[PDB]
Amino acid sequence: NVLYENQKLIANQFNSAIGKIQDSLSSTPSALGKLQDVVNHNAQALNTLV
Amino acid sequence: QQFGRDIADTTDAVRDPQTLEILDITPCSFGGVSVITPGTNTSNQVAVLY
């Protein structure tokens with residue numbers, strides 16, 4: 001019963017959170033550590049062989 | 001400058017002594033060969049993947 005009495009508030013908060021995370025994934029440059037680290041490890045291990 | 005090099009410590013650009021124009025170096029077309037086959041109990045034809 002708590003959802004249907006607060007639907008507009010939940011929708012607004014959800015949209016605000018979506019916009020906030022869309023801005024925050026681009027503002028912080030160190031939020032993508034793992035993928036860059038694994039591709040850099042692969043590149044370094046390939047380069048040291050040559 | 002006599003000849004160039006790259007990141008991977010390999011020869012890339014070579015200048016001949018006869019002409020001031022420089023010549024690039026790219027190795028011959030190399031790559032693995034793979035076979036695409038169905039079951040030999042089923043058929044006999046194969047397809048070559050380069």
# chains A, B, ... in the order shown; residues from 1 in each chain; ligands from 1

$ closest_atom_pairs --of "chain A" --to "chain B" --cutoff "10 Å" --atoms "only C-alpha atoms" --output "CSV"
residue,atom,partner,partner_atom,distance
A:46,CA,B:8,CA,9.9
A:47,CA,B:8,CA,6.6
A:48,CA,B:8,CA,8.5
A:49,CA,B:8,CA,9.2
A:50,CA,B:8,CA,6.0

$ residues_around --residues "residue 31 in chain B" --least-positions-apart "4" --cutoff "12 Å" --atoms "only C-alpha atoms" --output "list in words"
residues 27, 49 and 50 of chain B

$ residues_around --residues "residue 45 in chain B" --least-positions-apart "5" --cutoff "12 Å" --atoms "only C-alpha atoms" --output "PyMOL selection string"
chain B and resi 35-40

$ write_last_selection --atoms "N, CA and C atoms" --output "CSV table (one decimal), in the first residue's frame"
chain,number,residue,atom,x,y,z
B,35,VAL,N,40.4,-25.2,-40.3
B,35,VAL,CA,39.5,-26.1,-41.2
B,35,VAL,C,38.2,-26.1,-40.5
B,36,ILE,N,37.1,-26.0,-41.4
B,36,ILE,CA,35.7,-26.1,-41.0
B,36,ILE,C,35.2,-27.3,-41.6
B,37,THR,N,34.9,-28.3,-40.8
B,37,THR,CA,34.4,-29.6,-41.3
B,37,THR,C,33.2,-30.1,-40.6
B,38,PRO,N,32.3,-30.8,-41.2
B,38,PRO,CA,31.3,-31.5,-40.5
B,38,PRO,C,31.8,-32.9,-40.1
B,39,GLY,N,31.0,-33.7,-39.5
B,39,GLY,CA,31.4,-35.1,-39.1
B,39,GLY,C,31.8,-35.9,-40.3
B,40,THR,N,32.9,-36.6,-40.2
B,40,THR,CA,33.3,-37.5,-41.3
B,40,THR,C,32.4,-38.7,-41.5

$ atom_distance --atom1 "CA of residue 11 in chain B" --atom2 "CA of residue 23 in chain B"
11.3 Å
